[PDB]
Amino acid sequence: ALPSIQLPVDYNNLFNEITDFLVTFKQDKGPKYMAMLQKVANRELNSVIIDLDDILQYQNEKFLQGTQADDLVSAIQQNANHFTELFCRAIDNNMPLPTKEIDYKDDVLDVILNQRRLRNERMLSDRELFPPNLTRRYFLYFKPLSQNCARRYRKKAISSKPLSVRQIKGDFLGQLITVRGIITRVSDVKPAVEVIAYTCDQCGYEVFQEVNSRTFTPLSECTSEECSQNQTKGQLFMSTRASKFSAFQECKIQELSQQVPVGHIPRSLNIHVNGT
Amino acid sequence: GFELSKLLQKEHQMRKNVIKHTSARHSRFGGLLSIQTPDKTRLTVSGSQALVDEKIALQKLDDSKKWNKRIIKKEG
Amino acid sequence: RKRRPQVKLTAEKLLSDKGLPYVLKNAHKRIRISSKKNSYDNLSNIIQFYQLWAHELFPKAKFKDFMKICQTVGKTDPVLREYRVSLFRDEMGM
DNA sequence: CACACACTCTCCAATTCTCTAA
DNA sequence: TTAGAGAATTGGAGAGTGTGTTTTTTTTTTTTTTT
Ligand SMILES: [Zn+2]
C-alpha cells in the first residue's frame, strides 16, 4: 500500500494566491501579466516569463497589508515542476479574449475545437473533453531571483547562486537551480510530441493522449462510448495535423576549468531546452 | 496463341480496372477527409482515393468494419 | 465475469429516430432521378440512402449482413409484418 | 524484476437445429 | 404450411504459463609486415 504523510504547503491556498498575483500585480496598460496575456491572445507573443523578482515584490507588498502569502518564491524553488502546471492552469482561467483582428487562416486547432464542440452539443441536449495542454499556445518559464543584497538571501534563493555541475548534488532534484558552465554539444531541433490526436476510422470520435515519458504506446482501440456500445472495435490513426508538438533541443553543459578541484575531471549535465 | 492474346487482353483490362482505385502516389501520402453526412456528422475516413469520388469514400466506410458473419457450408 | 453482449437488431432499435420516419420524410427530397444519366449512378445513389441509414443506425455490421439479418427478421418476426400492414391500411385511406 | 506479445486453457450467451408447436 | 413453444453446439473474451528485453565493440596496447 501507499502510506500518507503530512506536508505544510497547502496547494489550494497557493493556487488562490497565484491567481491573485496574476490578477492584482502592477509593477512600478493595467497589470503587467494581464497585459502579457493580452499580447498572447493576440498571437504576438508565446512566452510567459514569470519573473521571481515580481513575485518577491508582490509578497513584500502584501506583507505590510495582511501577509496574504505563503512564501511562493520559497515554495516554487523547492518544487517547480508542479508550479509550472499551477501557473498554466491559472493563466487558462484568466485568459483574456483577443483584442485584435488576428488572421485565422491556419486555425486547425480552432477548427477541431468548434467541430468537436458541435458534435458534442448536438447530443448533449439529448434531443474535460480537451486536454488542458492541447489548447495552450504559450510556453511558461521562470526567471530566477536577481541579487537581493538583503537579509532575505540568508543562504536562501538557491536560484540566485550560480552553481557548478559538481555542486549539483542529488538532493537538489526538483528544485529550480541555476548552473554556470560552457556548452559543448547542442543537438538539432526535434519535434517532441506532447499530446497525440488519434482519429478512429469509424465512430467519428477522436481521442487524445497526453504523454511525457520519452516513449509511449499508441492506443489503437476505439474506446469511445459509441464505438464501445456498438462494439465496432475500431482502430485509431494518428493525425499530426491535430496533434500538438513542441520543439525540443538537448544541449549539454560542461564546467569551466576554474571550477574543477585539483586532480579531478570536468563533469557534464544534460540540458533539455524546449519551447521558445 | 490467339486465345493467349485474348486472355492477355482480358487480364490487362482487369488489371487496368484494378489500378483505378490505387492512389497516384504512395500509401503514406496521408489523404484524410471528413464526410459531412446527414446529421452534420464528421466521420473521418482516410484515403486519397476517397477524395476523388464520394462513392469510394462510402465503400471505404463500408469495408472498414472488421466484423463478419458466419456462412454455413457442407466425393465418395 | 461476463463480457458485454454484442448489440443485435432488437425490435425497438428498428424504430429509431434516424430510421423509418427519416427515410419516409426524405424519400421525396433526397434522391434525384434522371434516365439520361447512366443507370449505375442512379443505383448507387439509391443504395446510398439505405447504406447511410444502416451505418448511422448500426455501424457494427456491414451492408450485406445487415440486410440479410433484416430479411430473416421480417420473414420470422410477425411484428414487422403487422407494422407494414398498419401502414398499408393507413395509406389505403387516400 | 514488468510491461507488452504471442498463445495455450478454458467458458457462457448469441448463433444454428430438429422435436414438438400452430 | 406458419410464427413459435421446446433441444443442441461453439466462438470471442479472458484466466494464465511462459517470454523479452538494455547489452556493448569505441579507444588503447601490442604484434607484425612493409614502408
Ligand atoms: Zn472505433
# chains A, B, ... in the order shown; residues from 1 in each chain; ligands from 1
$ residues_around --residues "stretch 2-5 of chain D" --least-positions-apart "2" --cutoff "10 Å" --atoms "only C-alpha atoms (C1' of nucleotides)" --output "ChimeraX atom specification"
/A:217 /D:7 /E:19-20
$ interface_residues --of "chain E" --to "chain C" --cutoff "10 Å" --atoms "only C-alpha atoms (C1' of nucleotides)" --output "PyMOL selection string"
chain E and resi 2-4+12-14
$ write_last_selection --atoms "C-alpha atoms (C1' of nucleotides)" --output "PDB file, in the first residue's frame"
ATOM      1  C1'  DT E   2     -46.695 -20.911 -40.464  1.00  0.00           C
ATOM      2  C1'  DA E   3     -44.842 -17.846 -36.480  1.00  0.00           C
ATOM      3  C1'  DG E   4     -43.208 -20.008 -32.112  1.00  0.00           C
ATOM      4  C1'  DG E  12     -14.877 -14.385 -28.586  1.00  0.00           C
ATOM      5  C1'  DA E  13     -13.254 -12.584 -24.353  1.00  0.00           C
ATOM      6  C1'  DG E  14     -10.262 -13.713 -20.674  1.00  0.00           C
TER       7       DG E  14
END
$ closest_residue --among "C:47, C:57, C:11, C:23" --to "chain A" --atoms "only C-alpha atoms"
C:57
$ atom_distance --atom1 "atom CA of residue A:157" --atom2 "atom CA of residue A:73"
8.2 Å
$ residues_near_ligand --ligand "ligand 1" --cutoff "7 Å" --atoms "only C-alpha atoms (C1' of nucleotides) and all ligand atoms" --output "ChimeraX atom specification"
/A:200-203,221-224,227,232-236
$ write_last_selection --atoms "N, CA and C atoms" --output "PDB file, in the first residue's frame"
ATOM      1  N   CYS A 200     -10.394   7.789 -35.124  1.00  0.00           N
ATOM      2  CA  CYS A 200     -10.899   6.446 -35.366  1.00  0.00           C
ATOM      3  C   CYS A 200     -11.526   6.360 -36.751  1.00  0.00           C
ATOM      4  N   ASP A 201     -11.339   5.212 -37.403  1.00  0.00           N
ATOM      5  CA  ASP A 201     -11.869   5.027 -38.751  1.00  0.00           C
ATOM      6  C   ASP A 201     -13.392   5.104 -38.774  1.00  0.00           C
ATOM      7  N   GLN A 202     -14.056   4.502 -37.795  1.00  0.00           N
ATOM      8  CA  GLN A 202     -15.485   4.705 -37.586  1.00  0.00           C
ATOM      9  C   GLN A 202     -15.716   5.344 -36.220  1.00  0.00           C
ATOM     10  N   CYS A 203     -16.995   5.563 -35.906  1.00  0.00           N
ATOM     11  CA  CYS A 203     -17.464   6.150 -34.652  1.00  0.00           C
ATOM     12  C   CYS A 203     -17.166   7.644 -34.598  1.00  0.00           C
ATOM     13  N   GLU A 221      -7.333   1.560 -30.128  1.00  0.00           N
ATOM     14  CA  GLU A 221      -8.533   0.876 -29.652  1.00  0.00           C
ATOM     15  C   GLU A 221      -9.608   1.927 -29.423  1.00  0.00           C
ATOM     16  N   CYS A 222     -10.663   1.895 -30.235  1.00  0.00           N
ATOM     17  CA  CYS A 222     -11.716   2.909 -30.175  1.00  0.00           C
ATOM     18  C   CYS A 222     -12.563   2.660 -28.932  1.00  0.00           C
ATOM     19  N   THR A 223     -12.053   3.129 -27.798  1.00  0.00           N
ATOM     20  CA  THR A 223     -12.748   3.007 -26.524  1.00  0.00           C
ATOM     21  C   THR A 223     -13.819   4.071 -26.333  1.00  0.00           C
ATOM     22  N   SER A 224     -14.142   4.830 -27.378  1.00  0.00           N
ATOM     23  CA  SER A 224     -15.180   5.844 -27.273  1.00  0.00           C
ATOM     24  C   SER A 224     -16.526   5.194 -26.970  1.00  0.00           C
ATOM     25  N   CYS A 227     -18.344   3.738 -30.033  1.00  0.00           N
ATOM     26  CA  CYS A 227     -17.627   2.577 -30.551  1.00  0.00           C
ATOM     27  C   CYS A 227     -17.743   1.392 -29.601  1.00  0.00           C
ATOM     28  N   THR A 232     -17.844  -1.858 -32.357  1.00  0.00           N
ATOM     29  CA  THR A 232     -17.211  -1.832 -33.669  1.00  0.00           C
ATOM     30  C   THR A 232     -15.728  -2.168 -33.597  1.00  0.00           C
ATOM     31  N   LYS A 233     -15.099  -1.969 -32.435  1.00  0.00           N
ATOM     32  CA  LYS A 233     -13.684  -2.283 -32.234  1.00  0.00           C
ATOM     33  C   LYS A 233     -12.809  -1.593 -33.278  1.00  0.00           C
ATOM     34  N   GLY A 234     -13.088  -0.315 -33.519  1.00  0.00           N
ATOM     35  CA  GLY A 234     -12.319   0.426 -34.497  1.00  0.00           C
ATOM     36  C   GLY A 234     -10.897   0.677 -34.038  1.00  0.00           C
ATOM     37  N   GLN A 235     -10.007   0.833 -35.012  1.00  0.00           N
ATOM     38  CA  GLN A 235      -8.615   1.166 -34.760  1.00  0.00           C
ATOM     39  C   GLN A 235      -8.405   2.668 -34.909  1.00  0.00           C
ATOM     40  N   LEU A 236      -7.331   3.155 -34.297  1.00  0.00           N
ATOM     41  CA  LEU A 236      -7.038   4.578 -34.261  1.00  0.00           C
ATOM     42  C   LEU A 236      -5.907   4.910 -35.225  1.00  0.00           C
TER      43      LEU A 236
END
$ residues_around --residues "residue A:250" --least-positions-apart "3" --cutoff "12 Å" --atoms "only C-alpha atoms (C1' of nucleotides)" --output "ChimeraX atom specification"
/A:183-192,247,253,269-275
$ write_last_selection --atoms "C-alpha atoms" --output "PDB file, in the first residue's frame"
ATOM      1  CA  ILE A 183      28.041  24.413 -23.580  1.00  0.00           C
ATOM      2  CA  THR A 184      29.831  21.698 -25.514  1.00  0.00           C
ATOM      3  CA  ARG A 185      27.301  19.808 -27.625  1.00  0.00           C
ATOM      4  CA  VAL A 186      23.886  21.120 -28.690  1.00  0.00           C
ATOM      5  CA  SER A 187      21.712  18.786 -30.740  1.00  0.00           C
ATOM      6  CA  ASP A 188      19.391  19.598 -33.621  1.00  0.00           C
ATOM      7  CA  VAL A 189      15.785  20.626 -33.066  1.00  0.00           C
ATOM      8  CA  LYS A 190      13.335  17.726 -32.910  1.00  0.00           C
ATOM      9  CA  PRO A 191       9.538  17.880 -32.537  1.00  0.00           C
ATOM     10  CA  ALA A 192       8.666  16.328 -29.187  1.00  0.00           C
ATOM     11  CA  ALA A 247      10.398  21.982 -30.421  1.00  0.00           C
ATOM     12  CA  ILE A 253      26.716  21.930 -20.325  1.00  0.00           C
ATOM     13  CA  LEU A 269      24.982  17.832 -17.314  1.00  0.00           C
ATOM     14  CA  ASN A 270      22.319  17.312 -19.966  1.00  0.00           C
ATOM     15  CA  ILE A 271      20.032  20.276 -20.656  1.00  0.00           C
ATOM     16  CA  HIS A 272      16.573  19.920 -22.208  1.00  0.00           C
ATOM     17  CA  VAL A 273      15.603  23.240 -23.783  1.00  0.00           C
ATOM     18  CA  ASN A 274      12.137  23.185 -25.326  1.00  0.00           C
ATOM     19  CA  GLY A 275       9.553  25.734 -26.391  1.00  0.00           C
TER      20      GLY A 275
END
$ residues_around --residues "stretch 65-73 of chain B" --least-positions-apart "5" --cutoff "7 Å" --atoms "only C-alpha atoms (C1' of nucleotides)" --output "JSON, numbers by chain"
{"A": [232], "C": [60, 61, 62, 65]}
$ select_by_dssp --residues "stretch 31-256 of chain A" --states "helix (DSSP H, G or I)" --output "JSON, numbers by chain"
{"A": [32, 33, 34, 35, 36, 37, 38, 39, 40, 41, 52, 53, 54, 55, 56, 57, 58, 59, 60, 61, 62, 63, 72, 73, 74, 75, 76, 80, 81, 82, 83, 84, 85, 86, 87, 88, 89, 90, 91, 92, 93, 108, 109, 110, 111, 112, 113, 114, 115, 116, 117, 118, 119, 120, 121, 122, 123, 124, 132, 133, 134, 135, 151, 152, 153, 165, 166, 167, 170, 171, 172, 225, 226, 227, 228, 229, 230]}
$ residues_around --residues "residue B:22" --least-positions-apart "5" --cutoff "9 Å" --atoms "only C-alpha atoms (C1' of nucleotides)" --output "ChimeraX atom specification"
/B:27,48-49
$ select_by_dssp --residues "chain B" --states "strand (DSSP E)" --output "PyMOL selection string"
chain B and resi 32-37+41-46
$ residues_around --residues "residue C:18" --least-positions-apart "3" --cutoff "12 Å" --atoms "only C-alpha atoms (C1' of nucleotides)" --output "JSON, numbers by chain"
{"A": [127], "B": [38, 39], "C": [13, 14, 15, 21, 22, 23, 24, 25, 26, 49, 50, 52, 53, 54, 55, 56, 57, 58]}
$ interface_residues --of "chain A" --to "chain B" --cutoff "12 Å" --atoms "only C-alpha atoms" --output "ChimeraX atom specification"
/A:111-112,114-123,198-206,227,230-242
$ write_last_selection --atoms "N, CA and C atoms" --output "short mmCIF file (atom, residue, chain, number, x, y, z; two decimals), in the first residue's frame"
data_model
loop_
_atom_site.label_atom_id
_atom_site.label_comp_id
_atom_site.auth_asym_id
_atom_site.auth_seq_id
_atom_site.Cartn_x
_atom_site.Cartn_y
_atom_site.Cartn_z
N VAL A 111 -10.48 24.82 -35.50
CA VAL A 111 -11.43 24.02 -36.26
C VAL A 111 -11.81 22.76 -35.49
N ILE A 112 -10.81 22.09 -34.91
CA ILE A 112 -11.10 20.91 -34.09
C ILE A 112 -11.94 21.29 -32.88
N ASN A 114 -14.18 23.79 -32.52
CA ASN A 114 -15.58 24.02 -32.86
C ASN A 114 -16.25 22.76 -33.40
N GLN A 115 -15.53 21.94 -34.17
CA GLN A 115 -16.12 20.73 -34.72
C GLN A 115 -16.52 19.76 -33.60
N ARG A 116 -15.59 19.47 -32.69
CA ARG A 116 -15.90 18.56 -31.60
C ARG A 116 -16.95 19.14 -30.67
N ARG A 117 -16.92 20.46 -30.45
CA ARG A 117 -17.93 21.09 -29.62
C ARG A 117 -19.32 20.95 -30.23
N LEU A 118 -19.44 21.15 -31.55
CA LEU A 118 -20.73 21.00 -32.21
C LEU A 118 -21.20 19.55 -32.18
N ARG A 119 -20.28 18.60 -32.41
CA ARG A 119 -20.66 17.19 -32.37
C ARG A 119 -21.13 16.79 -30.97
N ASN A 120 -20.47 17.31 -29.94
CA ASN A 120 -20.91 17.02 -28.57
C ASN A 120 -22.22 17.72 -28.25
N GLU A 121 -22.43 18.93 -28.78
CA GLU A 121 -23.60 19.71 -28.43
C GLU A 121 -24.86 19.17 -29.10
N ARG A 122 -24.72 18.61 -30.30
CA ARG A 122 -25.90 18.08 -30.98
C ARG A 122 -26.49 16.87 -30.26
N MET A 123 -25.76 16.29 -29.30
CA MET A 123 -26.27 15.20 -28.49
C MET A 123 -26.31 15.51 -27.00
N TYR A 198 -5.22 10.96 -32.04
CA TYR A 198 -5.71 9.78 -32.74
C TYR A 198 -7.13 9.99 -33.24
N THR A 199 -7.40 9.53 -34.46
CA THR A 199 -8.74 9.55 -35.02
C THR A 199 -9.14 8.13 -35.40
N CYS A 200 -10.39 7.79 -35.12
CA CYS A 200 -10.90 6.45 -35.37
C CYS A 200 -11.53 6.36 -36.75
N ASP A 201 -11.34 5.21 -37.40
CA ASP A 201 -11.87 5.03 -38.75
C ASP A 201 -13.39 5.10 -38.77
N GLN A 202 -14.06 4.50 -37.79
CA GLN A 202 -15.49 4.71 -37.59
C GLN A 202 -15.72 5.34 -36.22
N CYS A 203 -16.99 5.56 -35.91
CA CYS A 203 -17.46 6.15 -34.65
C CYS A 203 -17.17 7.64 -34.60
N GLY A 204 -16.37 8.15 -35.54
CA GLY A 204 -16.13 9.57 -35.68
C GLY A 204 -15.38 10.22 -34.53
N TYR A 205 -15.23 9.55 -33.40
CA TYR A 205 -14.66 10.17 -32.21
C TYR A 205 -13.14 10.08 -32.23
N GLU A 206 -12.49 11.19 -31.92
CA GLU A 206 -11.04 11.27 -31.80
C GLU A 206 -10.68 11.39 -30.33
N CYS A 227 -18.34 3.74 -30.03
CA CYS A 227 -17.63 2.58 -30.55
C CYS A 227 -17.74 1.39 -29.60
N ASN A 230 -21.46 0.07 -29.62
CA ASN A 230 -21.69 -0.67 -30.86
C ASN A 230 -20.70 -1.81 -31.05
N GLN A 231 -19.64 -1.86 -30.24
CA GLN A 231 -18.63 -2.92 -30.32
C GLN A 231 -18.03 -3.01 -31.72
N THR A 232 -17.84 -1.86 -32.36
CA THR A 232 -17.21 -1.83 -33.67
C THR A 232 -15.73 -2.17 -33.60
N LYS A 233 -15.10 -1.97 -32.44
CA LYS A 233 -13.68 -2.28 -32.23
C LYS A 233 -12.81 -1.59 -33.28
N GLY A 234 -13.09 -0.31 -33.52
CA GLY A 234 -12.32 0.43 -34.50
C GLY A 234 -10.90 0.68 -34.04
N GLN A 235 -10.01 0.83 -35.01
CA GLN A 235 -8.62 1.17 -34.76
C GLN A 235 -8.40 2.67 -34.91
N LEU A 236 -7.33 3.15 -34.30
CA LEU A 236 -7.04 4.58 -34.26
C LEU A 236 -5.91 4.91 -35.23
N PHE A 237 -5.99 6.09 -35.83
CA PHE A 237 -4.99 6.58 -36.76
C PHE A 237 -4.47 7.92 -36.25
N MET A 238 -3.15 8.08 -36.22
CA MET A 238 -2.57 9.34 -35.78
C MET A 238 -2.89 10.45 -36.76
N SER A 239 -3.08 11.66 -36.23
CA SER A 239 -3.32 12.85 -37.05
C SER A 239 -2.33 13.92 -36.59
N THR A 240 -1.19 14.01 -37.28
CA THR A 240 -0.20 15.02 -36.94
C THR A 240 -0.72 16.43 -37.17
N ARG A 241 -1.75 16.59 -38.00
CA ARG A 241 -2.35 17.90 -38.19
C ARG A 241 -2.98 18.40 -36.90
N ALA A 242 -3.68 17.53 -36.18
CA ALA A 242 -4.37 17.90 -34.95
C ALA A 242 -3.55 17.63 -33.69
#
$ atom_distance --atom1 "atom CA of residue C:32" --atom2 "atom CA of residue C:45"
8.2 Å
$ atom_distance --atom1 "atom CA of residue A:103" --atom2 "atom CA of residue A:50"
27.6 Å
$ decode --residues "stretch 2-21 of chain D" --atoms "C-alpha atoms (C1' of nucleotides)" --output "short mmCIF file (atom, residue, chain, number, x, y, z; two decimals), in the first residue's frame"
data_model
loop_
_atom_site.label_atom_id
_atom_site.label_comp_id
_atom_site.auth_asym_id
_atom_site.auth_seq_id
_atom_site.Cartn_x
_atom_site.Cartn_y
_atom_site.Cartn_z
"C1'" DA D 2 7.41 -5.96 -15.63
"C1'" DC D 3 5.10 -4.19 -19.19
"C1'" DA D 4 3.65 -5.75 -23.61
"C1'" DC D 5 3.00 -10.01 -27.12
"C1'" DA D 6 2.01 -14.35 -28.56
"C1'" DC D 7 -0.76 -18.08 -27.36
"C1'" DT D 8 -2.47 -22.36 -24.81
"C1'" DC D 9 -6.69 -23.35 -21.34
"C1'" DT D 10 -10.80 -22.65 -20.70
"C1'" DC D 11 -16.21 -20.94 -20.86
"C1'" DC D 12 -21.20 -18.70 -21.31
"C1'" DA D 13 -24.64 -16.46 -24.34
"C1'" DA D 14 -25.78 -15.43 -29.17
"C1'" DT D 15 -25.87 -18.16 -33.10
"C1'" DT D 16 -27.76 -22.68 -35.64
"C1'" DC D 17 -31.00 -27.34 -35.41
"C1'" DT D 18 -34.54 -30.59 -35.38
"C1'" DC D 19 -38.64 -32.44 -31.96
"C1'" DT D 20 -42.68 -30.76 -30.94
"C1'" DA D 21 -45.56 -26.38 -31.88
#
